[PDB]
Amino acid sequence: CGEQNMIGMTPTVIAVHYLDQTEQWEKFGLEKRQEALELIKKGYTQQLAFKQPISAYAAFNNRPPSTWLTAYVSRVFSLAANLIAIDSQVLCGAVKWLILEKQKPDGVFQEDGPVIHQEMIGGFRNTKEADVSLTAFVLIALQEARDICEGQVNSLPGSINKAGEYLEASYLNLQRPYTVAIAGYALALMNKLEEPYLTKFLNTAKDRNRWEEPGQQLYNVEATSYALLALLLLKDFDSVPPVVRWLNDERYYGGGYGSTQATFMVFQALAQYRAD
């Protein structure tokens, strides 16, 4: 499957993370966590069958590697490392590949092998401002992999810093609410989400509770989650409530077609809101 495996394991990975972080296993069923973990273990091991000699991933071992997919595996695996035993070699191998292979001198990340399952990449599917969409996504995944990989890949901080500058250089001119949300969060992780970019980020929201694009329900849940995470990072608990409320009302569709990004992001964001 390669891509589908990541689609299938996502809901469980982030659900355990959410129940863990919010300490709500009592209501859920404490005896259920081990079986969930076994599912995650199966998914991680299954994904290794698709790790190419380069440490990158693709739907099939015969298919050229996807920059987005490899970054998503690093994003999931970085989070799953707190739940199951993940091999550092595997996670940091992918990180290394992205940095040394897919980043341009201006900090941009490029996709040379588009995923077949375009419904699993969220708002990134809309190609408008995809350079900023991919760069922020990759930057975010790299940030999330720092805990484990920075020590092994000392080039990680630099790649991340260059990515952020590219984002900074193109932030104000962005037209897409989705891109403003994802790059906003990435800039916040960079501690760069200030003044000019700050009002640009906030002023892109509708009713100050969502970063919405017409007729794109799931893109909006995902985007608003990134935004919620950014606001949490800024500790702007002033605009947090409205966002959490809306995100909370979204009729998201868990294991449904096209819901991979919004599932991961909504629970990561809601979990973060509680832990914050």
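Numbers follow the displayed sequence, beginning with 1.
Checked against the record, the higher mean CA B factor of 171-179 and 186-194 lies with 186-194. The mean C-alpha temperature factor is higher for 146-154 when 146-154 and 80-88 are set side by side. In the PDB entry, the Cα temperature factor peaks, among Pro65, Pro241, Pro53, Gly43, at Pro241. Going by the entry's values, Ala230 shows the largest Cα B-factor out of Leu48, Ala59, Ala230, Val221. Residue-level temperature factors show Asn203 in the highest third of its chain, judged at the C-alpha atom. The PDB entry assigns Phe264 a C-alpha temperature factor belonging to the lowest third of its chain's modelled residues. Ranked by Cα temperature factor within the chain, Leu69 sits in the lowest third according to the deposited record. Sorting the modelled residues of the chain by their CA temperature factor places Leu39 in the middle third. In this PDB entry, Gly93 carries a Cα temperature factor that places it within the middle third of its chain's modelled residues.
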